[PDB]
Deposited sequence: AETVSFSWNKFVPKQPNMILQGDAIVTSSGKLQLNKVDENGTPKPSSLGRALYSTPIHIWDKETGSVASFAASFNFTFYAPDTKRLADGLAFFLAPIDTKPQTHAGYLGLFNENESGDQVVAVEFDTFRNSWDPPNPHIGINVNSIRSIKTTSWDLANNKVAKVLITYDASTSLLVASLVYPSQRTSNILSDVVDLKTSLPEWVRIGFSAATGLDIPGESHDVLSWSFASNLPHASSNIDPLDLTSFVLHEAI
């Protein structure tokens, strides 16, 4: 019966418990910038960042056949100079220890244009596989989400997000909420970890600006997470 939890209400520059990738960095202001931006703070096209959590997570044990439940929360934001021309998006995810980045822009640095990753996307941009309108999605080893739901996204406003995975029912659930606007979104579906990730994994976020365009920055303010893996 293994557990773990952590939580921060700010990010400390150069925390040794974290791992930055791509343009992803930790402002002194405490924010987690994953995207590169102008002196003017303008997001910079073809930008890319990821950020993982040092300790790896024992998602599930093969001996016991046990699968864990975890939940994670965090508040992110996005800045976008032209709310008409948006992209590319943000994700939270579970990968394996060795995970380096991947395709930028529409692949949210998670998938490859070509080719054991699970995640929740906050997609700003209508790709070919994307449905209409910024949505939220569950990605199971694929940028084409198993299920989606509009995301009543809102520029510059903060959003609290909560993600849960119930081993018992095998149900990832994600809800995003915008206190500023008193609006809210939720999504749910089954996901079989036992067959989509390694007995151990590392979690983190990923985020991408557009190619042709800047789109929107993506900074994360806080993160908490916990897991129980039963005997």
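Do you know which deposited regions have no coordinates at all?
Since the structure holds only modelled residues, the stretches it omits are 116 to 118, 235 to 253.
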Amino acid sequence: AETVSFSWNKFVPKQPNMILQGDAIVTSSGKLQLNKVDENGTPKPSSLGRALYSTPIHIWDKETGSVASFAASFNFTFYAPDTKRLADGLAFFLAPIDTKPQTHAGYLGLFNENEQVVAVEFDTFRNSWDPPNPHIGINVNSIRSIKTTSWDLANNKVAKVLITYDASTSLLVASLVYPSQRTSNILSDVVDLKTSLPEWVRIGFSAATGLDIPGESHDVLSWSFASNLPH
From here on, numbers count along this sequence of modelled residues.
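We call the rigid core the largest set of C-alpha positions that still match within 1.5 Å between the two forms.
Superpose by the rigid core and compare 136 to 144 with 106 to 114; which one moves more, by C-alpha RMS, in 5 other deposited structures of this protein?
Relative to the shown form, the greater RMS C-alpha distance in 5 other deposited structures of this protein belongs to 106 to 114.
Average Cα temperature factor in the PDB entry - higher stretch of 33 to 41, 54 to 62:
Per the PDB record, 33 to 41.
Higher-scoring stretch by recorded Cα B factor average, 163 to 171 or 185 to 193:
Averaging CA B-factors over each stretch, the winner is 163 to 171.
Checking the entry, which one of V220, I19, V12, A208 has the top C-alpha B factor?
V12 has the highest C-alpha B-factor of those listed.
Largest Cα B-factor, entry values, listed residues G137, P131, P81, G109:
The record points to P81.
Taking the values exactly as deposited, rank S47 by C-alpha B-factor within its chain and report the matching third: lowest, middle or highest.
It falls in the top third of the chain.
According to the PDB entry, is the CA B factor of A87 in the bottom, middle or top third of its chain, that is, lowest, middle or highest?
According to the entry, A87 has a C-alpha B-factor in the chain's middle third.
Entry-reported Cα temperature factor of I143, expressed as the chain third it lands in:
It falls in the middle third of the chain.
How does the C-alpha B factor of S150 compare with the rest of the chain: lowest, middle or highest third?
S150: CA B-factor falls in the middle third of its chain.
For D212, does the deposited CA B-factor place it in the lowest, middle or highest third of the chain?
For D212, the deposited C-alpha B-factor lands in the middle third.
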